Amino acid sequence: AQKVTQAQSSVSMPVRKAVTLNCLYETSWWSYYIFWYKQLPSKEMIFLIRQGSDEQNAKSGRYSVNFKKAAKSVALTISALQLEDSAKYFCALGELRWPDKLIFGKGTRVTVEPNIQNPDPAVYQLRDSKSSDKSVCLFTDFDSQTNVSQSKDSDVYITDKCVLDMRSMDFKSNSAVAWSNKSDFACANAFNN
């Protein structure tokens, strides 16, 4: 029987650092290949690197495999992380003699976070461009170790954080957005600071 298991569900790591994504498999095949794919939110499944069961540890650019055959362990390390490395990474097993199907794991999400060298955490209120009575709250310029608190209210929505890159200024920043359809909404107590 063929099995592939990726026990990590999600990991976060700063830029320029490294991340190791574990993969444990079971196989009755005598010779086989392990494949790592990168799955993008656009729904693209992009081949990264292949590890042969009789080959030395595979290496390709910032991708390297630590293949421990006796342990049936095949970890992918991504070095010198970039924001564009944020994706979901899949480990797959395939047979070499008659290449047929790939047996996948469930995937491990990687979120690469910027290194905010000069944080400036602040909460701002933004008015609707057409209504002005409608508004949202913007939490911005906080460092990546900041834990954006989730909403404790049914009528209050709080997004996850994302990083934008003002590429003409060598400047990146985190932000999250909060909004509610209630006049009793304060941006101060929105993000629970």
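Position 1 is the first residue in the sequence shown; the rest follow in order.
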On average, are the C-alpha B-factors higher in 180-188 or in 165-173?
-> 180-188
Would you mind comparing 50-58 and 130-138 for me and telling me which has the higher average C-alpha temperature factor in the entry?
-> 130-138
Highest-ranked of 108, 86, 117, 79 once sorted by CA temperature factor in the record | 117
So, residue 144's CA B-factor, relative to its chain, sits in which third? The highest
Among the modelled residues of its chain, the C-alpha B-factor of residue 45 falls in the third labelled lowest
State the tercile, meaning the lowest, middle or highest third, of residue 102 with respect to the CA B-factors recorded for its chain.
-> lowest
Residue 5's Cα B-factor: lowest, middle or highest third of the chain?
-> middle
Residue 124's Cα B-factor: lowest, middle or highest third of the chain?
-> middle
